[PDB]
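Let me begin by presenting the structure, written as structure tokens, before commenting on it.
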Amino acid sequence: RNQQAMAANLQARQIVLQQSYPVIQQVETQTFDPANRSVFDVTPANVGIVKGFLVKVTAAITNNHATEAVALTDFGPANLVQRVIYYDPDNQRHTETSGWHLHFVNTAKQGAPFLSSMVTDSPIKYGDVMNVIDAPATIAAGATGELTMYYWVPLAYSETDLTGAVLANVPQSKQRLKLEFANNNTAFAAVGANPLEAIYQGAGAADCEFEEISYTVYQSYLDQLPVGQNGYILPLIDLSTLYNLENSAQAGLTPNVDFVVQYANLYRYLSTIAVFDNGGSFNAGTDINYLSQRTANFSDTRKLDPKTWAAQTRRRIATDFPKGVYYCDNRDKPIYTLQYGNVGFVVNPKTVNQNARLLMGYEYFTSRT
Amino acid sequence: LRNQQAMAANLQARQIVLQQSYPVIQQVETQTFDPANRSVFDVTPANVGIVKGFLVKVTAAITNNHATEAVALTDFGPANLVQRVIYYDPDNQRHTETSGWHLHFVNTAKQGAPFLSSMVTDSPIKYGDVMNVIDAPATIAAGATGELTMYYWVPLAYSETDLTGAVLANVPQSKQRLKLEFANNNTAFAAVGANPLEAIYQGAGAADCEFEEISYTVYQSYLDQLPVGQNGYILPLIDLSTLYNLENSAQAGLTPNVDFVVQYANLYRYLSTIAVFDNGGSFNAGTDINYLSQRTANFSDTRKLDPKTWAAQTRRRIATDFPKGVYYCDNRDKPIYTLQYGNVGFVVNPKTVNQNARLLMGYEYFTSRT
Amino acid sequence: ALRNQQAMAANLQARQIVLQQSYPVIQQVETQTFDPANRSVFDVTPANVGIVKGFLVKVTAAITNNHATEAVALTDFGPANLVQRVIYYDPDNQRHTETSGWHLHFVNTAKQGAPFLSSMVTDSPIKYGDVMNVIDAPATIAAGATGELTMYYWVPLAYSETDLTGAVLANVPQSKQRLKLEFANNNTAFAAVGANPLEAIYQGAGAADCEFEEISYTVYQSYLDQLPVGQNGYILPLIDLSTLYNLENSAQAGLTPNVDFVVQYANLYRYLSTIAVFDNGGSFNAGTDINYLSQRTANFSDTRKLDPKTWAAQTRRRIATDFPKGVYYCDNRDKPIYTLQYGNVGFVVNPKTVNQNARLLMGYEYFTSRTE
């Protein structure tokens, strides 16, 4: 009766939260040289209800150029991880997206730059003491810089909403977290080249290289699951729902013409990110007339100029996302059609360079079956 | 007990309209003008359902034509691009009628931080002031031209989840009216020694400063596709019959070491109070005040506090201090309501009182349109 | 029996009724200006009225560096060390909080979710900012200069504005409360180069000739007035008012490199949060002297065994920044440490390097019954 089942799921959820034992433990650590390999498979533990994975990444970058330096790109350390893919025990894929998109969602969900240290007038020495997410603004010719990055790969939606979580007990569990890290070919961009996927860009890029990269994965899950008269108490709707992040690329933009990216049906899109990679140039709204979301049945529900669009985002993350990165929150009322494309994301560009494209990022809920 | 019946129903209807209707925000009007020609505009919004509020974008290009002197932002700066804002619902009933700076301070108070500001952090990823949503050059040098961007949210509804104060705009031949009085070459620039209260820039070059142009764009936020029940549209009749307004006033007659009391009228439920101590054109960081308070006829004093402790209370509210001479008081959980707590007043016992000292009061309150 | 669940519901309702019917009040209790060289310990006598929730203590000071050439600079804790210790006793003379100024301040911060009463920096052109200098102190005081400081502390009884657990009913005349404050003096506030800066406010080569010109405080008492009275009398949340919410701190020594240092939770208490300061022989490091930290139970638990940076990450989610160097925080608010719920539990720190006189200063925040 729907109402019945949901009432049941929410109760089981609260019981699990009340009774279960929350755990966060290291699953794997490794150090390597991107020259030899940059793709890895992490095999998590199959215990209780898995909520997500915290991925710590550290790296040492050396600028072996004789005289030219390099400087952080807009995404910087967020590109330490190129991509991520998660397969659950039943071999069903959840998240499959880029590291930068995953990072922007982590920020969006936190309500501020993910794991950042806010600046205040406090005389007591709070501040960037621990360099949790950190990277030198520039790496001079001959210097070696150290970076630290953190990503949260979510299964469950949040700490108190287990929608998307994974019950890990399935024997012959095909559960695996795949990570592709940056390498000497993706991390550094030459002057004039596209900085989208790079970590550093500058005149000394050609001679920049990784001294090494290291990662540590922590798995977060709930143990000591509650058991009722009928057995283990579990929110069946939560555990049978997928909460994923995915990315896609779109091209074919033309000045002053509405570029529309349709949302697929069945998916409940919680948020949308659109990056205007204007042929390797990323501008602060100046190459756009407006953005919007619209149902080709009731016009636009939010056709806004770039700054006003940015204003809404400032209400969500207390600052702006990097240049050319646009965010759209639909958490309270997810974009959910039924007919592929009853709703679309719109960008009417003011100027379009050669090789322009929109790099899309989505956050959504969907049923396993 | 009929009241307990009405409220319960109003709440239910609110929940239903929120769940059933879909949020919409669309541009209603945009214009570029020279404030030398005109500065007052009457914007006619569309009557398309339940209106929650208006987001007003304002931009401007200001040139300092002075041969040698510069000008610097006043404490309120771009918040003074709009001098006054007045809203009239379809029934020509007035809701908000306040100054741009007061409206802006309330936007800040409601957000829990400087309105639409970009917080500074240690993040290496390039977040930050990328889009300059609310922006203005700290100074405008002689011969230079500066650009500014400002935003104001004119509320009807109290919030996104509490439709108290929202307006049902569906009355044909009787639309709403959003009156905007903008800054001009007379109000925006204060000479050295002049009162900067309403100015944007002040300095030795003020006399030669002028707007090149000002532009504004009004966005209307409303709820469309209202839910219709077994008996017509289901609506929270109490929310829609309540006025949520911002208003301001001025008070004079302060004496050193004597309690200056400003009575709160009766019938109104005051959610917040702002008091600006315009000390004869001087705005001080609490040093010209002995203490502030909110007291009842019983000479109680539920909040008699020294300036810094009062400010501490505000820091818990918006994570920082309001500009110099601006004092905030939050009464959102237990609104000041005389005749249900007795007569109440806002108190300021000044330490120093210059010539032409006055207290500019800003109020945020609820009241029945009947 | 379900008699407890019934008692809890009844308590909660009384709390709701009290929060809705009574009116919150904050009023000055007393102000005093003095030279810590003359006196530094004060017993404040709060007024007995309604339900007391806590005290906001404002502290200001003027410090003069009279060295001939050397200046001094704020230590990591700085003005948080203006008050060395705070102790509260209710009307029945039952002791509640008893802790250092720095621990209390760090808890104030944790509860706020940001540096206590700080002013956040933003790009806003409107002149918001550090206007009123609520908590403030000059980064340095040059030789011959005089600096001014302002500090605030919230001494809680009640857990929060909405949770009256730990509050105090003060309607017993001839039975006064007691708020003892021990302030910093010329001995505790200044640390010489190389000395331990833990409890100091300023440290530097000019420390020997630094002295307070004066210190001043103002205690404000926060309470609920006009308590609701019903058929059977005053409606009161009996469990809230008979529960103690306290902060305390202790020191622990005996750390060895690469060996797990375990501080057992001498429970029976419901530990809401834990702060561990790694005073590594007078030097405070940004996690570089620690292999990992964690909380573990009887078994081989390790509910959260983490390297320093990841441990710091959890805290960044809590207070939007890091606590000062060598200060580690652990939030257990939703599921308090209670060793009777899962055997003994301990806070663990496996040090990478241990200097001479190394120790862990533990700060606890907890609930406990006036009668257990």
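The chains in the structure tokens are called A, B, ... from first to last as shown; in each chain the residues are counted from 1, and the ligands are counted from 1 in the order shown.
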Per residue of chain A within 7 Å of chain B, record the nearest atom pair and its distance in Å to one decimal, counting only C-alpha atoms, with rows in chain order and ascending residue number, as CSV.
```
residue,atom,partner,partner_atom,distance
A:74,CA,B:126,CA,5.0
A:75,CA,B:125,CA,5.1
A:76,CA,B:125,CA,5.6
A:77,CA,B:125,CA,6.9
A:78,CA,B:125,CA,6.8
A:113,CA,B:123,CA,6.9
A:116,CA,B:123,CA,5.4
A:117,CA,B:121,CA,5.4
A:118,CA,B:121,CA,4.3
A:119,CA,B:121,CA,5.5
A:128,CA,B:122,CA,6.5
A:133,CA,B:123,CA,6.8
A:134,CA,B:124,CA,5.8
A:135,CA,B:124,CA,5.8
A:284,CA,B:131,CA,5.9
A:301,CA,B:24,CA,4.9
A:302,CA,B:25,CA,5.3
A:303,CA,B:26,CA,6.4
A:307,CA,B:133,CA,5.7
A:310,CA,B:131,CA,6.6
A:311,CA,B:133,CA,6.0
A:314,CA,B:116,CA,5.7
A:315,CA,B:116,CA,6.3
A:318,CA,B:118,CA,5.6
A:319,CA,B:118,CA,4.0
A:320,CA,B:128,CA,5.4
A:321,CA,B:127,CA,5.0
A:322,CA,B:127,CA,5.0
A:323,CA,B:130,CA,6.3
```
Can you check which residues of chain C have any atom within 6 Å of chain B? Use only C-alpha atoms and format it as number ranges by chain.
-> C: 25-26, 117, 119-129, 131-132, 134
Serialized selection, C-alpha atoms, as a PDB file, in the first residue's frame:
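Full text of again-v9.pdb as output:
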```pdb
ATOM      1  CA  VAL C  25      16.394  35.741  31.191  1.00  0.00           C
ATOM      2  CA  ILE C  26      20.039  36.779  31.305  1.00  0.00           C
ATOM      3  CA  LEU C 117      31.883  33.683  19.268  1.00  0.00           C
ATOM      4  CA  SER C 119      33.793  36.474  13.400  1.00  0.00           C
ATOM      5  CA  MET C 120      33.911  34.594  10.087  1.00  0.00           C
ATOM      6  CA  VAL C 121      35.730  36.284   7.167  1.00  0.00           C
ATOM      7  CA  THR C 122      33.803  36.735   3.887  1.00  0.00           C
ATOM      8  CA  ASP C 123      33.991  38.682   0.598  1.00  0.00           C
ATOM      9  CA  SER C 124      31.022  40.893   1.588  1.00  0.00           C
ATOM     10  CA  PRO C 125      31.560  44.583   0.662  1.00  0.00           C
ATOM     11  CA  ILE C 126      29.129  45.615   3.447  1.00  0.00           C
ATOM     12  CA  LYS C 127      31.366  46.189   6.462  1.00  0.00           C
ATOM     13  CA  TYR C 128      30.501  43.165   8.607  1.00  0.00           C
ATOM     14  CA  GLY C 129      33.563  41.734  10.308  1.00  0.00           C
ATOM     15  CA  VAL C 131      33.680  45.160  14.591  1.00  0.00           C
ATOM     16  CA  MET C 132      32.995  44.582  18.289  1.00  0.00           C
ATOM     17  CA  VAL C 134      34.043  40.006  21.263  1.00  0.00           C
TER      18      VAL C 134
END
```
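The gap separating CA of residue 92 (chain C) from CA of residue 241 (chain C) is 12.5 Å, in Å to one decimal.
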Identify, on the basis of only C-alpha atoms, every residue whose closest approach to region 26-37 of chain A does not exceed 8 Å; exclude the query and any residue fewer than 3 positions from it along the same chain; express the result as a ChimeraX atom specification.
-> /A:42-45,181-184,210-219 /C:305-306
Taking only C-alpha atoms into account, what are the residues of chain C at most 6 Å from chain A, put as a ChimeraX atom specification?
-> /C:76-78,118-121,136-137,286,303-304,309,316,320-324
Mind checking which residues fall within 10 Å of residue 62 (chain C), counting only C-alpha atoms, ignoring those fewer than 6 positions away in the same chain, and posting them as a ChimeraX atom specification?
-> /C:35,137,146-150,211-216
Enumerate the residues of region 45-204 of chain C with a DSSP assignment of strand (DSSP E or B), computed from the backbone, and present them as a PyMOL selection string.
-> chain C and resi 51-65+72-74+83-89+95-100+120+122+129+136+140-141+146-156+168-169+178-183+190-191+202-203
Near region 259-266 of chain C, counting only C-alpha atoms, which residues have an atom at most 7 Å away, once you skip same-chain residues fewer than 2 positions from it, shown as JSON, numbers by chain?
-> {"C": [255, 256, 257, 268, 344, 345, 346, 347, 348, 349, 350, 351]}
Tell me, which residues of region 269-311 of chain B carry DSSP helix (DSSP H, G or I), written as a PyMOL selection string?
-> chain B and resi 307-311
